[PDB]
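To begin, one chain is listed below as structure tokens, in the form deposited in one PDB entry.
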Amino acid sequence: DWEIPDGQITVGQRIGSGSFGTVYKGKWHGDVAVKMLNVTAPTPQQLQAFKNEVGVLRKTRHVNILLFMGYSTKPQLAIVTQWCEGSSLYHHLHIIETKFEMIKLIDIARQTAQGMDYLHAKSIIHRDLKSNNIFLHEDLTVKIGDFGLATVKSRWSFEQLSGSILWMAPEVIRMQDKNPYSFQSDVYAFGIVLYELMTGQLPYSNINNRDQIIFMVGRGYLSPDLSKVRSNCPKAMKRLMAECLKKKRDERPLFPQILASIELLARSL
């Protein structure tokens, strides 16, 4: 099974922490990432939140999904994943401002679409897809993860997630539908990731008020500016972006179509 016996993991450098967990770099048959719960004696809800996450990760076996490696219960409840040298797509695009070639931007898009197509086939709705959750292993291979460390009521069980408003579909901002999170809300988030790749920027860079952005997207008054895409961005890519970013969720394509469209436009370059 996937349970790792006590004393096998060497916990190293602390990377970060939030209200729910703390991530460390470690050693277990090579470099690993270790995410521990902040409490040693968890409540029935905290333990259920932990088991829910292990439950989703253990269903994944795909090169574009962060490789789950096992979990521990002793001395603490922890999740073990592969350790990746590299940086998140967010870090590359918006912090160090890496200038990838169009061919590589399309390659990153194709790889993300593969991982998302895989998750949706396993009935997993991510609910927090964004460039921060796309890791570039050796600055080349996409590893989709969920790197948030904050307490979330029913994360892998539902309720609205915050701090990722730029990637939030209009119906996710509103919270008026019977089921606001869907494969289509993940597709909208993916449409924002495509915008980040093709422009090198975060949407709505010219609006300095976050509350106004939330209000406007939800009302359907604001959409990303597609004329900001790089001069050599293929027309088929700009077309795909507009379909993913549709205000009405029913008008959005699903990942089998998205992946087929990227595979086809990557051939024509």
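For clarity, a rigid core is taken as the largest C-alpha set superposing within 1.5 Å between two forms. For every residue, the number given is its place in the sequence shown, counted from 1.
Unshown form deposited in another entry; subsequent notes refer to it.
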Only one of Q111, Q76, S87, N132 shifts its Cα by 2 Å or more between this form and the one not shown once the rigid core is superposed, namely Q76
Superposing on the rigid core, do we see a C-alpha displacement of 2 Å or more at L202 between this form and the one not shown?
no
With a threshold of 2 Å on the C-alpha, tell me if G218 counts as moved between this form and the one not shown once the core is superposed.
no
Note yes or no: does the Cα of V23 move by 2 Å or more between this form and the one not shown after the core is superposed?
yes
Taking the cut-off of 3 Å or more as given, in which direction does the distance between the C-alpha atoms of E53 and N133 change in the other entry, closer or farther?
farther
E53 and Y90: do their C-alpha atoms lie closer or farther in the other entry than in the form you see, with a change of 3 Å or more?
farther
